[PDB]
Ligand SMILES: OC[C@H]1O[C@H](S[C@H]2[C@H](O)[C@@H](O)[C@@H](O[C@H]3[C@H](O)[C@@H](O)[C@@H](S[C@H]4[C@H](O)[C@@H](O)[C@@H](O[C@H]5[C@H](O)[C@@H](O)[C@@H](S[C@H]6[C@H](O)[C@@H](O)[C@@H](O)O[C@@H]6CO)O[C@@H]5CO)O[C@@H]4CO)O[C@@H]3CO)O[C@@H]2CO)[C@H](O)[C@@H](O)[C@@H]1O
Ligand SMILES: [Ca+2]
Ligand SMILES: [Ca+2]
């Protein structure tokens, strides 16, 4: 199928996601509504259930609300069964309407629908070309108190009805009993409770297996993507292992939520996006956009700076999910924020790199500050707002123009209030001009672009006061950009030479099937390169002009570049593809008596690519932890490592550029065939 079809579960670059709180959208079936105190028919007390369900989503898909809006994917609340109990937090009654208080990841939330309703949602969605993305929260169950089992449901977990265990009397150690996190460090936030939510101990073999089994269930039902909640509060190692099991079974686009407060680069965040096997919600992009269009605390330069900085930090910037707001912050729209600014932020987001997501109601200019006010009921289904118009005209461009879906970004003109950028991919180009100044127009002179000679019409049709331009070999004739204007000019044409636009997933073991999207691959089965290794014939399960499904060859584990050769012509190289040694398992490495010097950290490396292949650089594992599970001078770290393999490893201390290794022989350990394990050694 073409890279743009609904069947492409590995790439969302050509899509526009619509994030919706299932309970706050449409109550299509009042028969499944909760009873009593947990329900509010008027939906005025936003902490209670309002009745929204999967039937309501089905209805709006059938009457073409989403089709006319232009969205091609739906991101819904966690579908799993949540606790039924009601919780009173200092006077106010709270319910699990948000879906984050799971109790059984193998059953559906009765209030949203049955297992059958869910299947019906998938079918109905796919029939109209809409992908379904689900929220999944494997970090915890629900609120719990160890001393009081009568609080909520004591964070109890069920395996399709069968009780696995609760927070109190957790003899098996399914959860962490290290208190609540104070967010003082990364380690503190991973092994301690997120508020009062019972934290899972993924090192426990049962919990590890439970989540691999539980996710397969939903993948088997046809979900096209996964939004992993609180990725910053679970070990990267376990998550990478979990991700490889997903990719070996049914690869789907997966991204996580790692909260960031500014557009500033964050080392840990960058590492996660580059090493976990999944991408992230682009909080840096979000901050810049809000600072510039909403809050007026930054100018266009901050926007351009962020575009360049993020493109440099993330290996695959096109996999990051962008947005102007969501359930974790104030609604973009405020009384002090103009409609045009909201509209410009949307246009910018929809034409920029990454995978754009729209929080439900944005098209209706919904207001609401903080939790829960920002999760109000959908006020209307009108298709007449300007914002609705902008989305319907720009969203389709991600499918029709590869420059917008896979292209690079270059600044063509800029000043405090004006920004003109260019998206380019092969011969296809897209140019967007934005003037955030609401009162004064701007005279643009000396603008150059890659647009071929010709006359260009504003894709928006002037709804955002856009204008038409004339290109003379890229040189655009002088023009006036109206106050608060924003225009989109583009040019698309067929590509003759092979060009890779996206590869998904970007991690896997030999035998897994990866998807290569792009242009000009031709219909004749060619050859795929993973470094220097050529992959041909049967190994290439599918080959079309815009997409190539290929099997990962049995080469040495490591970092590889991917190229495609069609009719003797070599395409561009898609860098940083990770090939694993084989199936993964999470192992906790513990080392005793590793006393260090001020500012000196402990790292780990060994004889497999997953351990860095004896490297002491960015591929080495670390820095190790030393506060929560084990205390200094004992260090520890959870690492995704190959299953059933004899490993050789050593720890090393690194302060500045001085590296001091362990003496003696290398430590050895044979990893288990599956699950988890703990290996403890003494510093030599
Ligand atoms: O005693 C403390 C506290 O007790 C309760 S809080 C109570 C709340 O009243 C309920 O509404 C309910 O809240 C749940 C919420 O409704 C659900 O949607 C989820 S939220 C989920 C987030 O989506 C996810 O992002 C993450 O949380 C992240 C935050 O979103 C993000 O902003 C930051 S928090 C960061 C702040 O920005 C800073 O301002 C500063 O405070 O430092 C903070 C450091 O993190 O990062 C977070 C983690 O990445 O995870 C949450 C958890 O699911 O669940 C909510 C919790 O269930 O339930 C809570 C308690 O369970 C009292 O009501 C309150 O007054 C009191 O302060
Ligand atoms: Ca209902
Ligand atoms: Ca945790």
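Hey, could you check the stretch 106-124 for residues that are crowded, with 22+ Cβ neighbours inside 10 Å and within 25 Å of the chain's Cα centre (by Cα) and say which is nearest to residue 70 (Cα to Cα)?
Taking the stretch 106-124 as the starting set, the residues that turn out to be crowded, with 22+ Cβ neighbours inside 10 Å are 109, 111-113, 118, 121.
Now narrow it down to the ones that are within 25 Å of the chain's Cα centre (by Cα): 109, 112, 118, 121.
Numbers: 109: 28, 112: 24, 118: 22, 121: 18 Å.
Out of the qualifying residues, it is 121.
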Taking the stretch 35-60 and keeping residues crowded, with 19+ Cβ neighbours inside 10 Å and more than 16 Å from ligand 1 (Cβ to nearest atom) leaves 51, 53, 54, 55, 56, 57, 58, 60
Scanning the stretch 156-200 for residues that are within 11 Å of ligand 3 (Cβ to nearest atom) and in a loop (DSSP other than H, G, I, E, B), the one surrounded by the fewest Cβ atoms within 10 Å (Cβ to Cβ) turns out to be 178
Scanning the stretch 604-614 residue by residue, those surrounded by fewer than 16 Cβ atoms within 10 Å (Cβ to Cβ) and either assigned to a strand (DSSP E or B) or in contact with a strand residue (DSSP E or B) (Cβ under 6 Å, 6 or more places away or on another chain) (or both) turn out to be 614
The condition of being in a helix (DSSP H, G or I), in contact (Cβ under 8 Å) with a residue 60 or more places away in the chain and surrounded by fewer than 23 Cβ atoms within 10 Å (Cβ to Cβ) holds, among 305, 245, 241, only for 245
The residue that is nearest to ligand 3 (Cβ to nearest atom), considering only those in the stretch 105-117 that are in contact with a helix residue (DSSP H, G or I) (Cβ under 6 Å, 6 or more places away or on another chain) and not in a loop (DSSP other than H, G, I, E, B), is 105
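Do the conditions hold for residue 261, that is, is it farther than 21 Å from residue 586 by Cβ, more than 16 Å from ligand 2 (Cβ to nearest atom) and part of a loop (DSSP other than H, G, I, E, B)?
yes
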Note on residue 224: of the conditions (1) within 15 Å of the chain's Cα centre (by Cα); (2) in contact (Cβ under 8 Å) with a residue 60 or more places away in the chain; (3) within 16 Å of ligand 3 (Cβ to nearest atom), unmet is (3)
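Take the stretch 625-656 and flag every residue that is in a loop (DSSP other than H, G, I, E, B) and over 20 Å from residue 585 (Cα atoms).
Let us first name the residues in the stretch 625-656 that are in a loop (DSSP other than H, G, I, E, B), namely 626-634, 643-645, 655-656.
Scanning the stretch 625-656 gives 626, 627, 628, 630, 631, 632, 633, 634, 655, 656.
In the stretch 42-71, which residues are more than 16 Å from ligand 2 (Cβ to nearest atom), on the phi > 0 side of the Ramachandran plot and in contact with a helix residue (DSSP H, G or I) (Cβ under 9 Å, 6 or more places away or on another chain)? Even if it seems obvious, please write down each step before you answer.
Step one: filter the stretch 42-71 for residues more than 16 Å from ligand 2 (Cβ to nearest atom), giving 44-47, 61-71.
Now drop any that are not on the phi > 0 side of the Ramachandran plot, which leaves 64, 70.
Correct list: 70 only.
Of the residues that make up the stretch 467-490, is at least one touching a helix residue (DSSP H, G or I) at 6+ places or on another chain (Cβ under 8 Å) and surrounded by fewer than 20 Cβ atoms within 10 Å (Cβ to Cβ)?
Here is the first cut: in the stretch 467-490, the residues touching a helix residue (DSSP H, G or I) at 6+ places or on another chain (Cβ under 8 Å) are 484, 486, 488, 490.
Now drop any that are not surrounded by fewer than 20 Cβ atoms within 10 Å (Cβ to Cβ), which leaves none.
The answer is no; no qualifying residue exists.
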Those residues of the stretch 413-457 which are touching a strand residue (DSSP E or B) at 6+ places or on another chain (Cβ under 7 Å), crowded, with 21+ Cβ neighbours inside 10 Å and not in a strand (DSSP E or B) amount to 426, 449, 451
Residues that are under 22 Å from residue 86 (Cα atoms), touching a strand residue (DSSP E or B) at 6+ places or on another chain (Cβ under 6 Å) and crowded, with 16+ Cβ neighbours inside 10 Å: does the stretch 201-214 have at least one? no
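From the list 617, 612, 599, which one is free of Cβ contacts under 8 Å to residues at least 24 places away in the same chain and more than 18 Å from residue 509 (Cβ to Cβ)?
Details: 612 fails: more than 18 Å from residue 509 (Cβ to Cβ); 599 fails: free of Cβ contacts under 8 Å to residues at least 24 places away in the same chain.
Residue meeting the stated conditions: 617.
Looking only at strands (runs of 3 or more DSSP E) that lie completely in the stretch 22-104, which have at least 2 residues being in contact (Cβ under 8 Å) with a residue 60 or more places away in the chain and over 28 Å from the mean Cα position of the chain (by Cα)?
Values: elements: 73-76, 80-82, 87-89, 92-94.
Ranges flagged: none.
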For the stretch 531-544 the number of residues that are closer than 22 Å to residue 9 by Cα and in contact with a strand residue (DSSP E or B) (Cβ under 7 Å, 6 or more places away or on another chain) is 4
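Counting only residues that are within 12 Å of ligand 1 (Cβ to nearest atom) and closer than 20 Å to residue 207 by Cβ, which one in the stretch 139-151 is surrounded by the fewest Cβ atoms within 10 Å (Cβ to Cβ)? First the steps, then the outcome.
Keep residues of the stretch 139-151 that are within 12 Å of ligand 1 (Cβ to nearest atom), which gives 139-145, 151.
When the remaining residues are screened for being closer than 20 Å to residue 207 by Cβ, the result is 139-144.
Values: 139: 21, 140: 26, 141: 32, 142: 23, 143: 23, 144: 25.
So the residue we want is 139.
Taking the conditions exactly as written (surrounded by fewer than 19 Cβ atoms within 10 Å (Cβ to Cβ), more than 28 Å from residue 97 (Cβ to Cβ), touching a residue at least 12 places away in the same chain (Cβ under 8 Å) and under 23 Å from the mean Cα position of the chain (by Cα)), does residue 313 satisfy them or not?
Working: surrounded by fewer than 19 Cβ atoms within 10 Å (Cβ to Cβ): yes; more than 28 Å from residue 97 (Cβ to Cβ): yes; touching a residue at least 12 places away in the same chain (Cβ under 8 Å): yes; under 23 Å from the mean Cα position of the chain (by Cα): yes.
So residue 313 fits the description; yes.
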Checking 252, 289 in turn, the sole residue that is within 13 Å of residue 506 (Cα to Cα) and more than 16 Å from ligand 2 (Cβ to nearest atom) turns out to be 252
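When we count neighbours, we look across all protein chains shown, and the Cβ atoms used for this are built from the backbone with ideal geometry, even at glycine. Values in this text are rule-based calculations from the coordinates and carry no lab data.
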